[PDB]
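Next up: just one chain, as structure tokens, the form deposited in one PDB entry.
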């Protein structure tokens, strides 16, 4: 391939102390003058471990520059270094991207470096195996909580017609027709005497529906828009197309259906890598296919700010872009280009309208006071304290990325973001983040030192709560309830109205629910679509929780140990599944990580525990698979 190649090797592993060898090959014919290697690595390289040369790390962005000044043609450079971390189980744990800057007979140059797959020392031997499976006659995902199926069937064609006798169901019906068209080039038209009938039924509670196929008709009953949307999403899975006759076929059957959990979410990280309006919409559409109702928009982080804030235009003019010649350095991938994007308010209004039509509420996340590098680099005049010499390092290996809660500019900033955010997103909810604020922060900040004294705080976590409580008070004045990751509770300053997302595990969900907090369960051990799907080292993904095979994700039972009687269970809003995109930058990888485990997650959100069975779910998945092939969704194939 390239004339420049880097080989990385696990030399040795002693508990939490891994030594690597790095060999850089100048394969070409030229001597390389004053050169330097830059790559993307998500582990923190111990700076005093480096064997040979100068190495710099800013998050994932590393540069290696040799002690010497020339790399001879056909030779190479060698460097060793160590990290604290458990053994690498995956090729993904290696460098994601490498590139070289150099000079040749006097001329600056830049070239892509081939990155050889890391030579692993301790791959896994175990493999998750999925058994051979039948195709299920009704490949429905999530499994309806009641369904009776008859021996016969109702066949119908493009003149069958669609009847609607309540305006609650107008959105569902137009979503149904749209999807029949997009997925199947099957055009239904609306007629007063259609064989598909949307009628109202007020005994059915929110999101419940009834669907009955008979020899004459197909009837959809619900008391809510969302129940009509859910019914339509079952019907799209139920129908079976004959292209030779251009007919649809649905088994005669009776379905009565309702969700186990009110909160059935999916979060998408769009800060680490930007995804297009069309990709985001395409996802939201696929979310309503499985009857989820919440799209949690992670729009802000250290490596990107993706939501336009008219009153703070720097946040996108600067924070939406990173790379060598930008204010923000390259991160994770696209080392050689200017990389980014962002959503305008008009785009966002469009995505909201699109998702409303699908029964999906969108919750924006403005992540503070950690994970703020992009905001801080965009707005240094409001968010930097020049006099702070606290030396800290975050989980992602930044030391300059945390909001200062004693700076009046930090309140200027958040008051302005939240006002526009609140105005923009109709949902009565704003997620404030609050994850992974490093332990050392603010300890040497004069301004924080003075505010710590001024109101008698004894812990610097108390300063974080002070800020989040201000965010909550502003959100409340704007009509929004605040949501937060579990660490928002740190400092015990935020009110019992803050909805706690439990992600490290289910522990905070349990603890916080006992104390009167409403919680959402997003445990990393069972709900993170960025985790690898198998133990084979070729599986893309990360693994800090644990590998998450399909069967693990399916068999997740939320708070499996709180008895169903327990009034703790009244504080569970529901479940969320998340995709963080550190190593995800293209729709093909996205689809692979999300599907199919998302459908196992939608079934935990929706179906009652007593109707959930692994073997049964695999046969419904096997019969759904073709429907994702028709949509060109690049799911990881259970059976390959």
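Residue numbers count along the first chain shown, from 1. Rigid core here is just the name for the largest C-alpha set that superposes within 1.5 Å across the two forms.
Not pictured, yet referred to below: the form deposited in another entry.
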>> Taking only shifts of 2 Å or more in Cα after a rigid core superposition between this form and the one not shown, tell me which of 278, 105, 325, 346 qualifies.
In response: 105
>> For a quick test of reading the superposition: does residue 233 move by 2 Å or more at the CA between this form and the one not shown, rigid core aligned?
In response: no
> When you overlay the rigid core, is the Cα of residue 150 off by 2 Å or more between this form and the one not shown?
Replying inline: no
> With both forms fit on the core, is the shift of the CA atom of residue 454 between this form and the one not shown 2 Å or larger?
Replying inline: yes
